[PDB]
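Here is the structure we will look at.
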Amino acid sequence: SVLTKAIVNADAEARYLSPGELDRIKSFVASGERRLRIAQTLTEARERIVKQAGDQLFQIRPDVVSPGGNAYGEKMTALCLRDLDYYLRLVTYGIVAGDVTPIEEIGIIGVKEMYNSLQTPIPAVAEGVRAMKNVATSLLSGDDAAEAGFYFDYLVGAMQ
Amino acid sequence: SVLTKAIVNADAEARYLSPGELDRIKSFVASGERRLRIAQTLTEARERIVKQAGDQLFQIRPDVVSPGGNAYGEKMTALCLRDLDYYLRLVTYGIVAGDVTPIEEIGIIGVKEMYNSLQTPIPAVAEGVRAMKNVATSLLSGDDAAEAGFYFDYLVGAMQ
Amino acid sequence: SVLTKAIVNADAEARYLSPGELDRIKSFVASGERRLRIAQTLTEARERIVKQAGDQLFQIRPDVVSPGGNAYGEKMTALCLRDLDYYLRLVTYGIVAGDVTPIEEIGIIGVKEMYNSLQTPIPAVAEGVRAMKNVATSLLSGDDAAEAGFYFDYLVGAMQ
Amino acid sequence: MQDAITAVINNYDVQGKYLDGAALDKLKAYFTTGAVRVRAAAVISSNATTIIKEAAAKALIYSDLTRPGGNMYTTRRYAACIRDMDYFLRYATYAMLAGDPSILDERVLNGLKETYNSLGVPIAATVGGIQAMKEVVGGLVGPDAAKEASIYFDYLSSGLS
Amino acid sequence: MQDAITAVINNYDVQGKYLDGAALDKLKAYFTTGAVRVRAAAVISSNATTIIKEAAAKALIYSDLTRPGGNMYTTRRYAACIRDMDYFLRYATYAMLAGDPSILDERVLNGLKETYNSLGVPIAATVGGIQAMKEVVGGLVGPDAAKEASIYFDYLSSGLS
Amino acid sequence: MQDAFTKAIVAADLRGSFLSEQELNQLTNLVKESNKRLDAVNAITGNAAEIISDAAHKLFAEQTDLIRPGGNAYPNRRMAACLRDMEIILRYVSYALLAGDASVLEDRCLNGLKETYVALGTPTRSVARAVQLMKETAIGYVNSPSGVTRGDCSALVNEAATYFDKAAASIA
Amino acid sequence: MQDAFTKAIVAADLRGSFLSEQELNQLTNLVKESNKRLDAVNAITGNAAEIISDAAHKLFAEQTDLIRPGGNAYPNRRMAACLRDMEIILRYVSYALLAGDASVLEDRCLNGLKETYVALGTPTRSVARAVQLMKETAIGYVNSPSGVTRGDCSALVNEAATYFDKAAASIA
Amino acid sequence: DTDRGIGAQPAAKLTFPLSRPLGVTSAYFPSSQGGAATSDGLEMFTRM
Amino acid sequence: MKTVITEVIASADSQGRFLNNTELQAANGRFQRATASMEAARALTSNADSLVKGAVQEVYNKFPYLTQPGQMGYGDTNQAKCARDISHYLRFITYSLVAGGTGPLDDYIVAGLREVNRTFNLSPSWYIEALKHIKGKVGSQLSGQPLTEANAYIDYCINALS
Amino acid sequence: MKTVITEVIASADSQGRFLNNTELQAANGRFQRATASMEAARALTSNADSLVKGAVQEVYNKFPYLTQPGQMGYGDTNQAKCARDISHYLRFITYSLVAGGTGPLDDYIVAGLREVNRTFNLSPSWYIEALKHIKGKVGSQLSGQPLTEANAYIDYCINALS
Ligand SMILES: CCC1=C(C)/C(=C/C2=NC(=C\c3[nH]c(/C=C4\NC(=O)[C@H](C)[C@H]4CC)c(C)c3CCC(=O)O)/C(CCC(=O)O)=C2C)NC1=O
Ligand SMILES: CCC1=C(C)/C(=C/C2=NC(=C\c3[nH]c(/C=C4\NC(=O)[C@H](C)[C@H]4CC)c(C)c3CCC(=O)O)/C(CCC(=O)O)=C2C)NC1=O
Ligand SMILES: CCC1=C(C)/C(=C/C2=NC(=C\c3[nH]c(/C=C4\NC(=O)[C@H](C)[C@H]4CC)c(C)c3CCC(=O)O)/C(CCC(=O)O)=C2C)NC1=O
Ligand SMILES: CCC1=C(C)/C(=C/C2=NC(=C\c3[nH]c(/C=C4\NC(=O)[C@H](C)[C@H]4CC)c(C)c3CCC(=O)O)/C(CCC(=O)O)=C2C)NC1=O
Ligand SMILES: CCC1=C(C)/C(=C/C2=NC(=C\c3[nH]c(/C=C4\NC(=O)[C@H](C)[C@H]4CC)c(C)c3CCC(=O)O)/C(CCC(=O)O)=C2C)NC1=O
Ligand SMILES: CCC1=C(C)/C(=C/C2=NC(=C\c3[nH]c(/C=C4\NC(=O)[C@H](C)[C@H]4CC)c(C)c3CCC(=O)O)/C(CCC(=O)O)=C2C)NC1=O
Ligand SMILES: CCC1=C(C)/C(=C/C2=NC(=C\c3[nH]c(/C=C4\NC(=O)[C@H](C)[C@H]4CC)c(C)c3CCC(=O)O)/C(CCC(=O)O)=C2C)NC1=O
């Protein structure tokens with residue numbers, strides 16, 4: 001979280017938290033209810049989001065869903081949307097934690113090696129995530145949509 | 001600052017800033033005008049704040065200003081308030097930076113060795129700082145007084 | 001410029017600028033807006049000016065554009081007008097600088113050797129420049145037309 | 001390193017001055033542009049790889065540089081070159097967030113000119129790789145941030161030449 | 001060397017561009033400050049000797065520098081030092097007239113840091129001699145010209161450090 | 001529908017506050033450049049037919065397959081549809097240019113357009129190209145018109161380009 | 001629809017002629033007084049509700065039969081229709097006033113209106129009176145407003161009256 | 001378009017289609033390829 | 001959102017033609033008028049705080065009984081929601097001033113007004129009286145065409161409530 | 001007949017609505033613009049005679065063959081009806097200038113144009129070339145916003161014919 005990150009840096013330098021570290025915990029916790037609302041809205045529309053991302057993806061890359069494509073077929077496509085459902089879930093976790101610790105251990109560290117083995121094209125997974133940003137972001141107020149958007153762009157960043 | 005701290009951690013792990021790191025920069029910068037007002041008020045009353053800390057100090061420790069005391073005499077007392085003026089200045093710097101980097105390099109790292117040489121009683125310097133908190137804090141709104149208070153308690157903490 | 005020329009003479013004699021040198025900088029800078037207007041007008045009509053210089057040239061020397069002529073053919077003529085476009089550009093630079101430093105380093109020092117290699121008849125390039133003077137000069141007030149004319153006659157002079 | 005804010009604090013600390021009106025005005029001039037810097041960094045970070053690819057495509061590859069005898073010939077050296085490109089992009093993003101070029105001197109430019117002379121790395125070609133990434137960046141980040149991102153790419157490139 | 005105006009001409013020449021609106025705006029920004037630059041140069045030139053004397057008095061002499069063991073000990077070295085001072089003043093006056101620092105690089109800074117290291121000439125002390133002449137200059141030339149003169153003294157002094 | 005002011009207002013309202021002197025002056029500048037904007041929109045209107053025609057001539061010069069049987073701009077009916085779409089897109093680009101905002105272009109014209117063309121078998125890459133050609137010529141006209149006062153229109157030429165580029169990107 | 005210029009143009013065309021220097025300057029004068037005209041139209045718009053309300057209060061003060069059972073402004077449904085017609089007529093009078101020509105009023109509002117009311121049993125003389133009261137109050141507001149540079153706004157009024165008087169005459 | 005199969009009739013088709021936000025492909029660098037396209041200064045002049 | 005530019009663009013789209021002169025001419029008006037509009041906007045913006053407190057109070061001074069117990073001008077929450085509501089109106093007035101049309105008022109306050117006020121037992125009379133007061137004070141913050149603009153929109157709200 | 005005034009009134013009427021600040025701002029554009037428009041109108045009006053003879057001739061100079069026997073630029077009646085037709089166009093241009101919109105052009109020349117020209121074997125190319133010529137000469141009778149206005153309407157006719 002913001003808490004975990006602050007503390008780990010504190011303990012590693014053998015010291016109490018800084019004024020800065022204390023301030024960010026305070027600003028973070030003040031945004032608690034708002035962050036929880038952002039996760040709720042997105043949890044509430046998960047099935048819609050995953051799907052509109054999936055349409056946006058297959059237009060932009062009809063090949064992935066083509067003879068020599070990693071997601072070619074009905075059940076190679078079913079697993080692909082399931083992976084898109086996984087990452088949206090992790091994005092809700094990140095938003096309520098206020099950093100990526102959880103998102104990272106669960107779904108980016110090791111992701112290159114996993115997908116290389118499965119021969120999944122990584123950059124088109126990054127596209128599926130942009131597609132989810134676009135849908136999710138259209139169900140949130142301007143301010144909340146930006147706050148959510150940072151976590152989408154992080155995942156897009158880590159698959160790189 | 002908050003900026004320096006965030007970036008140094010970013011560069012050291014060879015990466016772009018986290019959602020968390022970006023969020024704190026945003027919350028920090030939003031408090032800019034407020035933090036600048038807190039520094040202004042205290043800069044504007046600096047001479048008063050020193051004098052009231054100095055009275056509070058000599059009541060609580062009349063000995064420091066006594067035959068075998070580090071601050072005994074008119075010019076051993078003049079330098080003592082000058083040191084109190086130094087630390088109030090550093091506290092205004094810290095408040096506008098949103099962390100201690102500047103406060104630390106300028107006036108705590110090496111402070112034990114400096115004062116041990118001069119044979120200055122460190123814990124009574126910590127008292128002089130508490131005394132300044134009390135005065136400064138009475139010239140600030142509740143919310144701003146707390147925000148200022150964290151930086152006073154840090155210095156008190158570092159002389160320990 | 002006028003500045004560069006004045007200064008270089010100053011520095012080379014290890015001295016501050018003369019009253020004379022200071023006066024010419026003052027008279028020069030007063031003509032700034034006017035000189036900028038002269039360059040604008042000519043920049044604004046560049047395509048027309050080359051087309052009319054090029055007609056005036058081929059009447060006077062139909063041979064250059066003849067079997068054994070340097071500019072014989074459609075693309076040997078295209079490059080020829082492009083060179084006329086180059087020199088008009090340099091003339092606008094010279095007018096705004098108030099001397100030839102720039103015009104000289106860019107397009108006269110080395111020009112004999114360049115064109116001798118290409119076997120371009122130099123004196124007919126000088127004619128192309130006179131032709132441009134005639135056109136450009138018909139788009140400027142009497143006073144501005146003279147001021148422009150000095151720089152055209154310089155280029156005509158240097159190709160000699 | 002230093003940022004806008006610590007640049008001011010250290011300039012006053014050496015004079016032992018409390019922050020005065022002139023100082024406070026400078027810091028405001030930073031804070032007031034802060035939100036825009038953050039948004040711009042998020043665009044650059046999330047388009048990092050595409051910026052390098054479009055910058056290389058306009059300014060490096062399809063050339064003698066990538067052919068035998070060229071410095072970015074071999075997969076080894078091609079990899080080293082776009083690795084470098086990522087450094088530049090990433091650090092320029094730091095400089096622009098900080099609103100101070102000091103990090104570009106401390107952690108990127110110091111000794112780099114001679115390092116490149118010693119390996120044979122073509123300086124002029126590297127500058128074009130920097131100014132092509134700037135071009136791409138300025139499109140992606142928009143009116144708000146274009147000028148501010150741009151300057152630290154220009155800092156980088158006059159640091160080599 | 002280059003001045004404001006030739007800086008622009010050469011920047012466009014390498015692109016083979018006729019001067020456009022952005023260029024023309026830059027040149028105007030120079031011409032519009034031109035008369036003030038001239039007046040300022042006439043004040044500096046005619047007070048040259050007094051500026052050096054007041055700058056030395058505030059920042060160099062009455063010190064260990066002028067005493068045995070000091071670098072401006074001996075009439076020889078005292079003469080060399082105020083000779084240098086005159087160079088700085090004179091060239092800064094050129095840079096300010098030109099509205100371009102390029103002459104300060106070409107004819108003053110290039111190799112000077114190492115020249116001073118090789119002779120033992122104290123760099124920090126020389127910078128103070130530069131920033132003291134700036135202080136005097138800024139009084140003599142007035143509101144009109146103070147900021148513009150000042151920058152080329154600051155260019156000189158960060159060129160050594 | 002939004003224009004550049006309306007956009008400002010919507011963002012302000014989402015904060016629940018008034019204009020941030022920031023936004024006010026951005027809009028004061030739009031009013032400052034509005035005569036130029038009117039000339040720029042007028043440049044397109046005054047040459048609409050030629051802009052479409054010239055784009056067209058050049059599109060089929062490049063892609064002679066479209067005018068063969070089997071091609072998507074054959075027979076007359078299809079060519080008229082293609083000429084009509086060129087006009088429709090140039091129209092909404094001019095509207096966006098008067099407005100200082102792309103929304104009318106995105107909402108009425110670009111939204112769904114790609115999927116329409118794919119359903120129809122209309123080659124989107126060719127349509128994208130026709131849009132690129134309209135852009136070249138349209139901007140040509142914005143930059144070199146009848147006795148307009150001389151000044152710098154590059155900011156507006158860029159903005160017009162992004163509207164042409166939005167459309168192209170959206171369609172290809 | 002006509003405005004004062006359009007009217008000039010139609011008469012010129014019926015001669016086969018470019019506008020007479022006579023007609024040109026009559027129209028130059030309309031442009032001369034157009035700020036006043038805008039204030040006059042604005043005076044009505046800015047007080048439309050009160051103009052109708054005040055006319056109404058006074059109409060039924062005079063004609064207490066309309067609000068008895070048997071009366072044409074009874075029950076609520078009929079009163080709402082009567083209030084609505086007052087607004088409709090005030091609206092077309094303001095349009096005519098912006099236009100400098102009565103045609104929109106005559107063509108979209110007054111044409112057939114009398115015969116409608118007679119078919120309905122609506123007492124036209126009462127409707128004429130309601131229009132006379134709207135006129136009194138409408139003309140009232142324009143004269144004194146807040147902070148409008150002092151001058152003669154007088155010439156502007158008459159024309160508004162003739163539009164009110166057209167409507168009254170047409171209906172009674 | 002009829003309801004006899006359930007009787008109730010279907011849930012509205014266009015709600016999700018109606019909602020789609022505008023696709024975001026920012027940055028975007030254009031392409032000149034394509035075929036090789038003229039560059040040089042000569043273009044105007046040849047024309048002239 | 002109804003504004004000059006938006007309206008003309010919509011007209012063009014419906015007609016499926018081209019931004020001709022009629023349209024351009026109309027649009028110029030909106031641009032030429034921006035200076036007065038935006039001066040009104042800046043004055044209303046910085047005085048907002050006091051314009052709101054002035055109008056809120058005037059609602060109680062004109063309807064004294066509202067501030068007695070059991071009434072809708074009593075207790076922190078009613079009086080808080082009132083200030084807020086007048087603040088909403090002034091906010092949209094400034095928006096309409098900046099936008100060049102009534103759009104912001106039409107879309108965010110007029111559409112639905114009566115239904116809402118009727119369900120919540122809010123009398124328009126209060127709001128008219130808030131606005132009449134705001135109109136009185138804006139007489140000395142502005143003059144000339146900025147005042148005319150401010151007035152245009154204040155009156156538009158009063159007529160909308162009626 | 002389309003003018004800025006009629007357009008805003010039409011838009012108000014169709015929503016059952018009084019003219020508001022949006023519509024009055026629009027009208028101010030049309031009134032502010034009248035001076036340039038009417039200067040163009042006066043210049044086009046007094047030069048009409050020669051503008052017409054200039055354009056008529058240019059149709060024959062650009063389409064030389066028209067003036068040979070058996071052709072449609074031959075004999076007094078064709079050449080007479082031509083001058084008349086260009087005169088009609090210039091007349092409606094002046095009307096559109098004075099009116100503040102394209103109405104006069106839309107109602108009297110554009111509505112029906114192609115059907116008529118097609119039945120009578122009249123090529124638009126002639127008329128475009130008449131207008132292109134008129135546009136060339138009007139470059140030196142006017143300048144600034146009067147020229148822009150003249151141009152707006154001449155170009156409007158050329159687009160109507162393409
Ligand atoms: C001797 C060591 C060495 C190699 C191998 C090398 C490869 C190399 N392949 C390239 C492009 C390319 N290479 C391919 C190759 C393929 N496309 C496919 O889908 C297939 C999997 C594959 C063919 C079997 C393609 C399609 C491009 C163009 C990619 C682009 O332009 O974006 C480029 C960039 C173009 C250029 O500037 O030359 C290089 C440098 N360079 C080297 O120095
Ligand atoms: C060993 C070689 C050597 C010499 C000789 C030397 C002289 C010397 N004389 C000085 C000043 C001075 N010297 C004098 C001397 C005189 N006033 C008069 O009118 C008389 C003619 C004369 C006495 C006989 C005075 C008055 C000053 C002060 C001038 C000032 O401060 O402006 C100073 C500047 C003050 C300082 O920083 O020390 C130096 C360096 N420095 C050297 O390294
Ligand atoms: C009927 C609707 C309408 C139009 C069309 C209109 C145009 C218009 N354009 C103007 C200026 C101008 N227009 C331009 C436009 C350009 N400059 C160039 O070099 C480019 C080729 C072109 C780019 C678009 C420039 C540079 C000015 C002068 C600067 C300015 O006023 O902003 C002016 C100010 C007066 C003048 O300087 O002439 C008006 C009134 N006004 C209107 O009411
Ligand atoms: C083109 C614009 C336009 C006008 C002007 C118009 C007039 C008009 N007034 C009507 C009715 C009415 N008009 C009134 C008006 C009045 N009753 C009185 O006693 C007063 C004297 C007077 C009010 C001042 C009443 C009471 C009715 C309803 C008659 C009935 O249904 O019995 C009706 C019949 C349709 C309906 O009731 O909605 C029309 C068409 N309609 C239009 O579309
Ligand atoms: C938003 C649409 C719009 C409006 C409403 C508008 C009004 C407007 N009315 C004006 C003048 C005026 N308006 C009036 C009006 C009156 N004088 C009186 O005493 C009467 C009570 C009233 C009669 C109607 C007068 C007398 C002038 C000054 C003379 C003039 O400019 O013609 C002026 C010129 C500037 C000034 O002197 O204040 C403007 C711009 N302009 C616009 O763009
Ligand atoms: C965006 C534009 C917008 C407007 C204009 C708006 C009006 C508005 N006023 C409301 C309530 C209210 N409005 C008031 C108003 C007042 N109380 C007083 O002391 C005075 C008499 C008066 C101010 C003049 C009161 C007391 C309530 C609480 C009503 C209730 O819930 O019982 C509510 C109900 C939701 C809520 O309780 O907040 C709305 C929607 N809402 C909007 O979104
Ligand atoms: C109110 C606006 C209006 C327009 C614009 C108009 C055009 C027009 N031109 C016509 C004929 C004509 N128009 C021309 C035109 C020309 N002949 C030449 O020498 C040139 C090539 C050319 C002039 C550029 C000719 C020759 C005719 C006679 C056609 C015929 O009856 O065979 C006719 C047929 C009725 C008639 O014979 O007069 C119409 C209606 N009529 C209108 O009422």
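Order determines the names: the first chain of the structure tokens is A, the second B, and so forth; residues in each chain are numbered 1 upward, and ligands are numbered 1 upward as they are shown.
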Given only C-alpha atoms, how would the per-residue table for chain B near chain A read, listing every residue at most 10 Å away with its closest atom pair and distance in Å to one decimal, sorted by chain and number, as a Markdown table?
```
| residue | atom | partner | partner_atom | distance |
| --- | --- | --- | --- | --- |
| B:1 | CA | A:20 | CA | 8.4 |
| B:2 | CA | A:20 | CA | 6.7 |
| B:5 | CA | A:20 | CA | 9.2 |
| B:9 | CA | A:9 | CA | 9.8 |
| B:15 | CA | A:158 | CA | 9.9 |
| B:16 | CA | A:157 | CA | 9.0 |
| B:17 | CA | A:154 | CA | 9.3 |
| B:18 | CA | A:99 | CA | 6.8 |
| B:19 | CA | A:150 | CA | 5.8 |
| B:20 | CA | A:99 | CA | 4.7 |
| B:21 | CA | A:99 | CA | 8.0 |
| B:22 | CA | A:150 | CA | 8.6 |
| B:23 | CA | A:98 | CA | 8.2 |
| B:24 | CA | A:24 | CA | 6.0 |
| B:25 | CA | A:24 | CA | 9.3 |
| B:27 | CA | A:27 | CA | 6.9 |
| B:28 | CA | A:24 | CA | 8.2 |
| B:94 | CA | A:19 | CA | 8.9 |
| B:95 | CA | A:19 | CA | 9.0 |
| B:97 | CA | A:20 | CA | 9.0 |
| B:98 | CA | A:20 | CA | 5.5 |
| B:99 | CA | A:20 | CA | 4.7 |
| B:100 | CA | A:19 | CA | 7.4 |
| B:101 | CA | A:18 | CA | 10.0 |
| B:147 | CA | A:23 | CA | 8.4 |
| B:148 | CA | A:19 | CA | 9.7 |
| B:149 | CA | A:19 | CA | 9.5 |
| B:150 | CA | A:19 | CA | 5.8 |
| B:151 | CA | A:19 | CA | 6.3 |
| B:152 | CA | A:19 | CA | 9.7 |
| B:153 | CA | A:19 | CA | 9.0 |
| B:154 | CA | A:19 | CA | 7.2 |
| B:157 | CA | A:16 | CA | 9.2 |
```
Keeping only N, CA and C atoms, write the selected residues as an mmCIF file, in the first residue's frame.
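That gives us part-v2.cif:
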```cif
data_model
loop_
_atom_site.group_PDB
_atom_site.id
_atom_site.type_symbol
_atom_site.label_atom_id
_atom_site.label_comp_id
_atom_site.auth_asym_id
_atom_site.auth_seq_id
_atom_site.Cartn_x
_atom_site.Cartn_y
_atom_site.Cartn_z
ATOM 1 N N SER B 1 12.923 17.266 -1.319
ATOM 2 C CA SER B 1 11.471 17.577 -1.259
ATOM 3 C C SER B 1 10.678 16.290 -1.252
ATOM 4 N N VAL B 2 9.385 16.376 -1.563
ATOM 5 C CA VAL B 2 8.610 15.180 -1.898
ATOM 6 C C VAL B 2 9.071 14.714 -3.289
ATOM 7 N N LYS B 5 12.690 13.005 -3.059
ATOM 8 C CA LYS B 5 12.548 11.681 -2.444
ATOM 9 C C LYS B 5 11.919 10.650 -3.409
ATOM 10 N N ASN B 9 14.120 7.354 -5.363
ATOM 11 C CA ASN B 9 13.674 5.972 -5.235
ATOM 12 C C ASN B 9 13.356 5.385 -6.613
ATOM 13 N N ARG B 15 13.335 2.965 -12.830
ATOM 14 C CA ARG B 15 11.939 2.935 -13.233
ATOM 15 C C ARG B 15 11.257 4.285 -13.159
ATOM 16 N N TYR B 16 10.157 4.387 -13.887
ATOM 17 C CA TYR B 16 9.263 5.529 -13.811
ATOM 18 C C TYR B 16 8.522 5.537 -12.497
ATOM 19 N N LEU B 17 8.045 6.714 -12.126
ATOM 20 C CA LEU B 17 7.273 6.853 -10.891
ATOM 21 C C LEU B 17 5.991 6.015 -10.848
ATOM 22 N N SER B 18 5.698 5.547 -9.646
ATOM 23 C CA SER B 18 4.549 4.689 -9.325
ATOM 24 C C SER B 18 3.274 5.543 -9.317
ATOM 25 N N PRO B 19 2.091 4.920 -9.417
ATOM 26 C CA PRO B 19 0.861 5.665 -9.156
ATOM 27 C C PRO B 19 0.909 6.356 -7.798
ATOM 28 N N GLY B 20 1.300 5.621 -6.758
ATOM 29 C CA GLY B 20 1.485 6.205 -5.420
ATOM 30 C C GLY B 20 2.365 7.458 -5.434
ATOM 31 N N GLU B 21 3.534 7.357 -6.045
ATOM 32 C CA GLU B 21 4.505 8.452 -6.051
ATOM 33 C C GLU B 21 3.910 9.663 -6.745
ATOM 34 N N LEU B 22 3.233 9.432 -7.879
ATOM 35 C CA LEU B 22 2.506 10.471 -8.641
ATOM 36 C C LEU B 22 1.386 11.154 -7.846
ATOM 37 N N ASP B 23 0.602 10.349 -7.126
ATOM 38 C CA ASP B 23 -0.455 10.826 -6.210
ATOM 39 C C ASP B 23 0.035 11.776 -5.123
ATOM 40 N N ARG B 24 1.176 11.452 -4.510
ATOM 41 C CA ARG B 24 1.692 12.258 -3.411
ATOM 42 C C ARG B 24 2.260 13.551 -3.951
ATOM 43 N N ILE B 25 2.783 13.526 -5.176
ATOM 44 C CA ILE B 25 3.271 14.762 -5.773
ATOM 45 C C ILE B 25 2.079 15.688 -5.998
ATOM 46 N N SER B 27 -0.937 15.676 -4.347
ATOM 47 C CA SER B 27 -1.500 16.128 -3.074
ATOM 48 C C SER B 27 -0.603 17.160 -2.438
ATOM 49 N N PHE B 28 0.690 16.913 -2.561
ATOM 50 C CA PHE B 28 1.674 17.831 -2.079
ATOM 51 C C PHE B 28 1.518 19.167 -2.779
ATOM 52 N N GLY B 94 11.723 23.093 5.529
ATOM 53 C CA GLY B 94 11.145 21.744 5.552
ATOM 54 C C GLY B 94 9.678 21.743 5.205
ATOM 55 N N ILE B 95 8.924 22.644 5.846
ATOM 56 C CA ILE B 95 7.487 22.808 5.564
ATOM 57 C C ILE B 95 7.214 23.087 4.077
ATOM 58 N N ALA B 97 9.259 22.346 1.552
ATOM 59 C CA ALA B 97 9.718 21.176 0.785
ATOM 60 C C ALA B 97 8.836 19.923 0.991
ATOM 61 N N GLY B 98 8.128 19.831 2.106
ATOM 62 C CA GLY B 98 7.318 18.643 2.362
ATOM 63 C C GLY B 98 8.114 17.421 2.781
ATOM 64 N N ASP B 99 9.405 17.595 3.041
ATOM 65 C CA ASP B 99 10.190 16.572 3.765
ATOM 66 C C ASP B 99 11.478 17.209 4.312
ATOM 67 N N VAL B 100 12.372 16.380 4.833
ATOM 68 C CA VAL B 100 13.488 16.848 5.649
ATOM 69 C C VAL B 100 14.833 16.918 4.937
ATOM 70 N N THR B 101 14.920 16.415 3.709
ATOM 71 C CA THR B 101 16.193 16.397 3.007
ATOM 72 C C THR B 101 17.006 17.650 3.391
ATOM 73 N N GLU B 147 0.270 20.818 10.798
ATOM 74 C CA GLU B 147 1.211 20.621 9.700
ATOM 75 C C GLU B 147 2.616 21.137 10.015
ATOM 76 N N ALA B 148 2.693 22.309 10.644
ATOM 77 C CA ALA B 148 3.976 22.859 11.117
ATOM 78 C C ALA B 148 4.590 22.005 12.212
ATOM 79 N N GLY B 149 3.736 21.523 13.112
ATOM 80 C CA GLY B 149 4.183 20.806 14.289
ATOM 81 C C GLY B 149 4.954 19.545 13.991
ATOM 82 N N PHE B 150 4.697 18.922 12.845
ATOM 83 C CA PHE B 150 5.378 17.681 12.488
ATOM 84 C C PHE B 150 6.855 17.930 12.289
ATOM 85 N N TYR B 151 7.175 19.066 11.684
ATOM 86 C CA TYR B 151 8.552 19.421 11.382
ATOM 87 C C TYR B 151 9.298 19.838 12.653
ATOM 88 N N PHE B 152 8.609 20.460 13.606
ATOM 89 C CA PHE B 152 9.236 20.784 14.888
ATOM 90 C C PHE B 152 9.573 19.494 15.637
ATOM 91 N N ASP B 153 8.610 18.576 15.704
ATOM 92 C CA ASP B 153 8.825 17.306 16.372
ATOM 93 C C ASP B 153 9.890 16.435 15.687
ATOM 94 N N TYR B 154 10.093 16.604 14.387
ATOM 95 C CA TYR B 154 11.186 15.910 13.704
ATOM 96 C C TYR B 154 12.548 16.336 14.228
ATOM 97 N N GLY B 157 13.123 15.107 17.448
ATOM 98 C CA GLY B 157 13.442 13.693 17.284
ATOM 99 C C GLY B 157 14.879 13.418 16.874
#
```
Residues of chain H in helix (DSSP H, G or I), written as a compact mmCIF listing (two decimals) with C-alpha atoms, in the first residue's frame:
```
# COMPACT_ATOMS: atom_id res chain seq x y z
CA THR H 15 -27.59 0.08 -24.34
CA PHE H 16 -24.08 -1.25 -24.55
CA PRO H 17 -23.61 -0.25 -28.13
CA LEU H 18 -24.92 3.20 -27.31
CA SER H 19 -22.33 3.65 -24.58
CA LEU H 42 13.00 21.47 -56.97
CA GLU H 43 9.38 20.68 -56.69
CA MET H 44 8.22 24.21 -56.95
CA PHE H 45 10.71 25.11 -59.48
CA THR H 46 10.15 22.42 -61.87
CA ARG H 47 6.63 23.51 -61.77
```
Surrounding residues as an MDAnalysis selection string, ligand 5, max 9 Å, only C-alpha atoms and all ligand atoms
(chainID G and resid 32:43 141:145 147:157) or (chainID I and resid 29:30 32:33 143:145 148:149 152) or (chainID J and resid 20:29 31:32)
What do you get for the Cα RMSD if chain I is superposed onto chain J using all Cα atoms in their order?
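For chain J versus chain I, the C-alpha RMSD is 0.2 Å.
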Gap from CA of residue 48 (chain A) to CA of residue 135 (chain A) - Å, one decimal:
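About the pair CA of residue 48 (chain A) and CA of residue 135 (chain A): they are 8.4 Å apart.
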Let me see if you get this right: every residue at most 8 Å from ligand 2, counting only C-alpha atoms and all ligand atoms, written as a list in words.
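Listed by chain and ascending number, the contacts are residues 57, 60, 61, 62, 63, 66, 67, 68, 72, 73, 74, 75 and 78 of chain E.
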